[PDB]
Every structure is written in structure tokens, then in C-alpha cells.
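Undergrad: This is my_file-v9.txt (compact mmCIF, C-alpha atoms).
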# COMPACT_ATOMS: atom_id res chain seq x y z
CA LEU P 694 27.83 27.53 16.55
CA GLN P 695 28.69 28.45 20.16
CA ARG P 696 25.81 26.40 21.57
CA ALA P 697 26.80 23.44 19.36
CA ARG P 698 30.24 23.26 20.99
CA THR P 699 28.55 23.16 24.42
CA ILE P 700 26.31 20.25 23.33
CA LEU P 701 29.11 17.99 22.07
CA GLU P 702 31.24 18.63 25.17
CA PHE P 703 28.35 17.55 27.42
CA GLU P 704 27.89 14.43 25.29
CA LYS P 705 31.46 13.18 25.81
CA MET P 706 31.25 13.16 29.63
CA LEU P 707 28.32 10.73 29.74
CA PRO P 708 28.71 7.06 30.74
CA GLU P 709 28.40 4.53 27.94
CA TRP P 710 25.24 2.97 29.39
CA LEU P 711 23.60 6.41 29.43
CA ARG P 712 24.69 7.20 25.86
CA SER P 713 22.52 4.25 24.78
CA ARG P 714 19.43 5.67 26.51
CA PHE P 715 19.54 8.96 24.57
CA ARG P 716 19.63 7.72 20.99
CA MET P 717 18.99 9.82 17.90
CA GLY P 718 17.21 8.09 15.06
CA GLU P 719 15.30 4.91 14.27
CA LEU P 720 16.27 1.65 12.56
CA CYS P 721 14.69 1.42 9.10
CA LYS P 722 14.75 -0.95 6.12
CA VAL P 723 15.57 1.26 3.15
CA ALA P 724 16.35 -1.50 0.62
CA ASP P 725 16.57 -5.27 0.27
CA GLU P 726 18.94 -6.51 3.01
CA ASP P 727 19.86 -2.94 4.00
CA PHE P 728 19.11 -1.63 7.50
CA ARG P 729 20.11 1.95 8.35
CA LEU P 730 19.61 4.34 11.24
CA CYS P 731 17.57 7.29 9.97
CA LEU P 732 16.18 10.65 11.11
CA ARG P 733 12.61 11.66 10.21
CA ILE P 734 11.64 15.12 8.89
CA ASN P 735 8.14 16.16 7.74
CA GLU P 736 7.38 18.61 4.93
CA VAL P 737 4.52 20.36 3.09
CA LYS P 738 4.98 21.53 -0.53
CA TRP P 739 2.24 23.33 -2.49
CA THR P 740 3.98 24.23 -5.76
CA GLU P 741 5.16 21.07 -7.57
CA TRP P 742 2.33 18.64 -8.23
CA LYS P 743 3.40 15.14 -9.26
CA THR P 744 2.14 11.58 -9.14
CA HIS P 745 3.94 9.83 -6.28
CA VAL P 746 5.80 6.72 -7.43
CA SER P 747 8.82 6.17 -5.15
CA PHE P 748 7.97 5.38 -1.51
CA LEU P 749 8.80 2.87 1.21
CA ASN P 750 5.23 2.43 2.51
CA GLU P 751 1.88 2.33 0.71
CA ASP P 752 -0.09 3.26 3.84
CA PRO P 753 0.73 6.85 4.80
CA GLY P 754 -0.17 7.05 8.48
CA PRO P 755 2.03 6.92 11.52
CA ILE P 756 2.33 3.14 11.83
CA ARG B 118 -2.15 -18.73 -2.05
CA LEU B 119 -4.25 -17.44 -4.94
CA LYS B 120 -4.87 -14.23 -2.96
CA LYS B 121 -1.15 -13.51 -2.62
CA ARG B 122 -0.28 -13.86 -6.31
CA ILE B 123 -3.11 -11.56 -7.44
CA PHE B 124 -2.10 -8.67 -5.14
CA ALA B 125 1.52 -9.14 -6.21
CA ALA B 126 0.79 -9.24 -9.95
CA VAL B 127 -1.55 -6.25 -9.78
CA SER B 128 1.15 -4.13 -8.12
CA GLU B 129 3.95 -4.95 -10.56
CA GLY B 130 1.94 -4.74 -13.79
CA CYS B 131 1.78 -8.37 -14.95
CA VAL B 132 -1.09 -8.55 -17.44
CA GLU B 133 -0.58 -12.09 -18.75
CA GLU B 134 -0.07 -13.47 -15.24
CA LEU B 135 -3.26 -11.78 -14.00
CA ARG B 136 -5.67 -13.24 -16.59
CA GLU B 137 -4.54 -16.76 -15.68
CA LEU B 138 -5.06 -16.21 -11.95
CA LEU B 139 -8.59 -14.94 -12.63
CA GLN B 140 -9.53 -17.96 -14.78
CA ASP B 141 -8.31 -20.27 -12.01
CA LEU B 142 -10.45 -18.21 -9.62
CA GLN B 143 -13.38 -18.79 -11.99
CA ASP B 144 -12.75 -22.54 -11.76
CA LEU B 145 -12.48 -22.74 -7.97
CA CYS B 146 -15.84 -20.99 -7.53
CA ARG B 147 -17.87 -23.05 -10.02
CA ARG B 148 -17.36 -26.27 -8.03
CA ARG B 149 -19.21 -25.17 -4.92
CA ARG B 150 -22.44 -25.52 -2.95
CA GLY B 151 -23.74 -22.37 -4.65
CA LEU B 152 -25.17 -20.57 -1.62
CA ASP B 153 -23.05 -17.43 -0.99
CA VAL B 154 -20.93 -17.24 -4.16
CA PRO B 155 -20.85 -13.39 -4.21
CA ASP B 156 -19.86 -13.56 -0.53
CA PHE B 157 -17.15 -16.06 -1.49
CA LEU B 158 -15.69 -14.09 -4.41
CA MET B 159 -15.43 -10.87 -2.41
CA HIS B 160 -13.69 -12.89 0.31
CA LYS B 161 -10.85 -13.65 -2.12
CA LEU B 162 -10.27 -10.19 -3.62
CA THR B 163 -10.12 -8.38 -0.26
CA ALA B 164 -7.38 -8.24 2.37
CA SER B 165 -9.14 -9.23 5.57
CA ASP B 166 -7.27 -6.99 8.00
CA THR B 167 -7.66 -3.64 6.22
CA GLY B 168 -10.53 -3.98 3.75
CA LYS B 169 -8.23 -3.21 0.83
CA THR B 170 -9.32 -4.61 -2.54
CA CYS B 171 -7.17 -5.52 -5.52
CA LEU B 172 -8.63 -2.52 -7.34
CA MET B 173 -7.24 -0.27 -4.59
CA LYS B 174 -3.88 -2.08 -4.77
CA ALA B 175 -3.43 -1.27 -8.47
CA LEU B 176 -4.27 2.42 -8.09
CA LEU B 177 -1.73 2.83 -5.28
CA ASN B 178 1.01 1.53 -7.63
CA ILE B 179 1.00 3.48 -10.89
CA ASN B 180 2.63 1.42 -13.65
CA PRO B 181 3.12 1.92 -17.40
CA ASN B 182 0.28 -0.63 -17.85
CA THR B 183 -2.15 0.44 -15.10
CA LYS B 184 -5.01 1.45 -17.42
CA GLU B 185 -5.08 -2.03 -18.98
CA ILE B 186 -5.23 -3.79 -15.60
CA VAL B 187 -8.24 -1.81 -14.30
CA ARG B 188 -10.30 -2.72 -17.39
CA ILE B 189 -9.58 -6.41 -16.69
CA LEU B 190 -10.80 -6.25 -13.08
CA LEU B 191 -13.94 -4.29 -13.98
CA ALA B 192 -14.92 -6.60 -16.85
CA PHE B 193 -14.37 -9.56 -14.52
CA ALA B 194 -16.59 -8.29 -11.69
CA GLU B 195 -19.35 -7.32 -14.15
CA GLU B 196 -19.89 -10.91 -15.31
CA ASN B 197 -20.31 -12.13 -11.72
CA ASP B 198 -23.00 -9.51 -10.85
CA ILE B 199 -20.95 -7.80 -8.12
CA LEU B 200 -19.88 -4.62 -9.94
CA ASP B 201 -21.65 -2.42 -7.37
CA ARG B 202 -20.09 -3.76 -4.16
CA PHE B 203 -16.65 -4.25 -5.74
CA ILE B 204 -16.29 -0.64 -6.87
CA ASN B 205 -17.69 0.94 -3.67
CA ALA B 206 -15.83 -1.01 -0.98
CA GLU B 207 -14.19 0.96 1.83
CA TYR B 208 -11.34 0.68 4.29
CA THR B 209 -12.43 -0.50 7.74
CA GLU B 210 -9.55 0.41 10.07
CA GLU B 211 -9.88 3.56 12.17
CA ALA B 212 -6.96 5.34 10.49
CA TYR B 213 -8.36 5.31 6.95
CA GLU B 214 -12.11 4.77 7.45
CA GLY B 215 -14.17 5.72 4.41
CA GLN B 216 -11.47 5.83 1.72
CA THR B 217 -12.56 4.40 -1.63
CA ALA B 218 -11.02 3.67 -5.02
CA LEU B 219 -12.28 6.95 -6.50
CA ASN B 220 -10.47 8.74 -3.65
CA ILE B 221 -7.17 7.06 -4.58
CA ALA B 222 -7.50 7.79 -8.31
CA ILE B 223 -7.99 11.53 -7.76
CA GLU B 224 -4.99 11.85 -5.40
CA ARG B 225 -2.68 10.03 -7.85
CA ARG B 226 -3.76 12.60 -10.53
CA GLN B 227 -5.22 9.93 -12.86
CA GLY B 228 -7.58 11.96 -15.01
CA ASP B 229 -8.44 9.18 -17.46
CA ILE B 230 -9.13 6.44 -14.91
CA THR B 231 -11.44 8.74 -12.91
For the file at hand, write its structure as C-alpha cells.
TA:
Amino acid sequence: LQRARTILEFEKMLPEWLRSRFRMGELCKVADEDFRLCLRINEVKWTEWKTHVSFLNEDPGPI
Amino acid sequence: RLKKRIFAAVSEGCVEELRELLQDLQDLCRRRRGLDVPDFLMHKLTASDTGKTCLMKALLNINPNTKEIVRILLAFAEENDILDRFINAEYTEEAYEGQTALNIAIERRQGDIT
């Protein structure tokens, strides 16, 4: 929590052109006519086996 | 545009749409020179950039009517004498090289289709 206050105070003293260079997230199409900035997190789960039905991409590699 | 409607109908689970696209594929092939007809019919059922077949496209999209669709595509390829090369096609791109339709059916936990 103490380090988090230091991070946000450093972020406010940056110029607006340099705020655009350091940009969290990527633009993704999550639905029909719906574009949102999103953050990617990977995960491995060994205990609940299911057939995968809901996904945004058929091909599972880094594309 | 016959290639586009087959891959779309096989993903959504449209049985009655699929049988009509296959009969029109039967008609387009019979009026031909007759030299490389198995090379022509595998040119229609395969995406050219990835090597993905319409059998692979159905198994990636599990529907309430998936097990009926697979029987239609296998009975179709049997009567055109290409049942071997249709069921053992592979991906060609470097990311997924070697993956087959049996590989997809095991990962999707389809014990009856395997």
C-alpha cells in the first residue's frame, strides 16, 4: 500500500505526451461493435475438467 | 462462396443447410474435365492458409448437434473415395504443425466421437 501511493504520485507529474507512451492494456473486440481496453492474465488449472465452449479465438497461440 | 457457407454452417450447427451445400458441391464437380477431381474436392473443403478442414472446424465448436454433423461429412467423403486423406489431414503453419482431427476430439473430451 505504501509503494502504491509512490507509484500514483510519480504518474501525475508526467507530461501528457509521455503518459501516452506508457500505456497499460491492449484494445480488444469483446463483442459485436464493442471495443474495450483489456489486461491479459494467464492461468493453469488442473482440477476442474470441462469442455471449452466460450472463447474469443479458435486458434490458441499468441497471434 | 460455397467454401464460406460450409465453414459457417458447420460451426453453428445447421444440419438442413449443410446437406444442401454438399449436394450443390456434388453438382459443381460432376461437370468437369475429370482429371484431378479428388484434388479439386479437397481444394474446396480446406482453408488454404492454415490447412484447416471442415471436419476440424466442427470439432472446435461443440454444438448440441455436433454428432449428427460429423456423420454427414464422413458419409460424404466415403462416396468420393477420399476418406483416407480427408480424415488424416494436418495443419501446415509452424505454430500448429501436425495437429489432426483426432487430436481435437480428445482435447474437447468427446468420448463418443473419438
Undergrad: Any idea what the distance is between atom CA of residue B:199 and atom CA of residue B:158?
TA: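 Atom CA of residue B:199 sits 9.0 Å away from atom CA of residue B:158.
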Undergrad: Once 4 Å is added on each side, what centre and edge lengths in Å to one decimal does the axis-aligned box around all listed atoms of stretch 126-145 of chain B have, as AutoDock Vina command-line options?
TA:
--center_x -4.7 --center_y -13.4 --center_z -13.4 --size_x 25.3 --size_y 26.6 --size_z 18.8
Undergrad: What is the distance, in Å and to one decimal place, between atom CA of residue P:743 and atom CA of residue B:133?
TA: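 The value is 29.1 Å.
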Undergrad: What's around stretch 733-739 of chain P at 12 Å? Count all atoms listed in the file, leave out sequence neighbours fewer than 4 positions away in its own chain, and write the answer as JSON, numbers by chain.
TA: {"P": [717, 718, 719, 720, 721, 743, 755]}
Undergrad: With all atoms listed in the file considered, list every residue of chain B at most 10 Å from chain P, as a PyMOL selection string.
TA: chain B and resi 174+177-180+212-213+224-227
Undergrad: Which neighbours of residue P:749 fall inside 9 Å, counting only C-alpha atoms, when residues of the same chain fewer than 4 positions from it are skipped, and could you give them as a list in words?
TA: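 Listing them by chain and then by number gives residues 722, 723 and 724 of chain P.
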Undergrad: May I have the residues within 12 Å of residue B:185 as number ranges by chain, using only C-alpha atoms and disregarding those fewer than 5 positions away in the same chain?
TA: B: 127, 130-133, 135-136, 175-176, 179-180, 190-192, 229-230
Undergrad: Grab the atom CA of residue B:214 to atom CA of residue B:118 distance for me, in Å with one decimal place.
TA: 27.2 Å
Undergrad: Name the closest residue to residue B:173 among the candidates B:138, B:157, B:216, B:126; distances are taken between atoms, counting only C-alpha atoms.
TA: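 The answer is B:216, which sits nearest to residue B:173.
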Undergrad: Just want the 12 Å neighbourhood of residue B:145, counted on all atoms listed in the file, with same-chain residues fewer than 4 positions away dropped. Output as a ChimeraX atom specification.
TA: /B:119,138-141,149-151,154,157-158,161
